[PDB]
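**Q** Sharing a structure with you now.
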Amino acid sequence: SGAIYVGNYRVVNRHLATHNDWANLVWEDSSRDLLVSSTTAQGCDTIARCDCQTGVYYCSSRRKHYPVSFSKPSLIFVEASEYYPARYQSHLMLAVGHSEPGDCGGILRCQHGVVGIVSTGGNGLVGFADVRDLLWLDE
Ligand SMILES: NC(=O)[C@H]1CCCN(C(=O)[C@@H](CN2CCCC2)c2ccccc2)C1
Ligand SMILES: [Zn+2]
């Protein structure tokens, strides 16, 4: 679990969005596993606007933050799960690191701010849904 809080926006994994999130919806994209809902209070996370490929992510299943190198956002095949059939997920970045179901929502950050959130994993890999292209989150 986990979310990004920027301005009057809450960014969560689409597959973990609550009933309150769908009742206050801004934008959602199944192919990216992202959902954005509106908030009454202002958030303080800063979104990174960069091409960094190194950062630190939060891993709830180890209660630890890990430094990682990650790939550029791309269309990656993701195995079928209880939330989606087998499909290509877009804007996804992979790193070598521990992740388990429950870790989705963990933030990945670089020197410029928030890069994305954990969205996939397994076999010693972790995948992050990028949010650096969503320039509208800043206005
Ligand atoms: N964005 C998605 O489509 C994800 C939705 C949740 C599930 N998902 C995953 O990758 C799982 C692993 N899979 C579950 C069934 C086959 C392996 C997982 C593992 C570790 C960390 C996080 C998630 C896919
Ligand atoms: Zn950066």
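By convention in this document, the chains of the structure tokens carry letters A, B, ... by their order, each chain's residues are numbered from 1, and ligands are numbered from 1 in the order they are shown.
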For the structure I just gave you, how does DSSP split stretch 10-108 of chain A - specifically, which residues are strand (DSSP E or B)? Reply as number ranges by chain.

**A** A: 10-13, 25-29, 34-44, 47, 54-59, 64-70, 74-78, 87-96, 107-108

**Q** What do you get as a PyMOL selection string if you pick all residues at most 10 Å from ligand 1, counting only C-alpha atoms and all ligand atoms?

**A** chain A and resi 13-16+30-34+59+61+77-90+92+98-106+118-129

**Q** Measuring atom to atom with only C-alpha atoms, identify which of A:10, A:64, A:91, A:109 is nearest to residue A:44.

**A**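 Between A:10, A:64, A:91, A:109, the residue approaching residue A:44 most closely is A:10.
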
**Q** Within 8 Å of ligand 2, counting only C-alpha atoms and all ligand atoms, which protein or nucleic acid residues do you find, written as a VMD selection string?

**A** chain A and resid 48 to 55 109 to 113 115

**Q** Using only C-alpha atoms, pick whichever of A:45, A:35, A:117, A:57 has the shortest atom-to-atom distance to residue A:11.

**A**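 Counting only C-alpha atoms, the residue closest to residue A:11 is A:35.
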
**Q** Restricting the calculation to only C-alpha atoms: of A:9, A:76, A:107, A:1, which residue gets closest to residue A:39?

**A**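 Selected residue with least distance to residue A:39: A:9.
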
**Q** Can you work out which one of A:60, A:20, A:69, A:37 has the shortest atom-to-atom distance to residue A:2, counting only C-alpha atoms?

**A**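 Answer, going by the shortest atom-to-atom distance: A:60.
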
**Q** Take atom CA of residue A:74 and atom CA of residue A:93 and report the distance between them in Å, one decimal.

**A** 6.6 Å

**Q** Taking the DSSP assignment computed from this structure's backbone, write out as a list in words all residues of chain A that belong to alpha helix (DSSP H).

**A**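 The alpha helix (DSSP H) subset of chain A is residues 19, 20, 21 and 22 of chain A.
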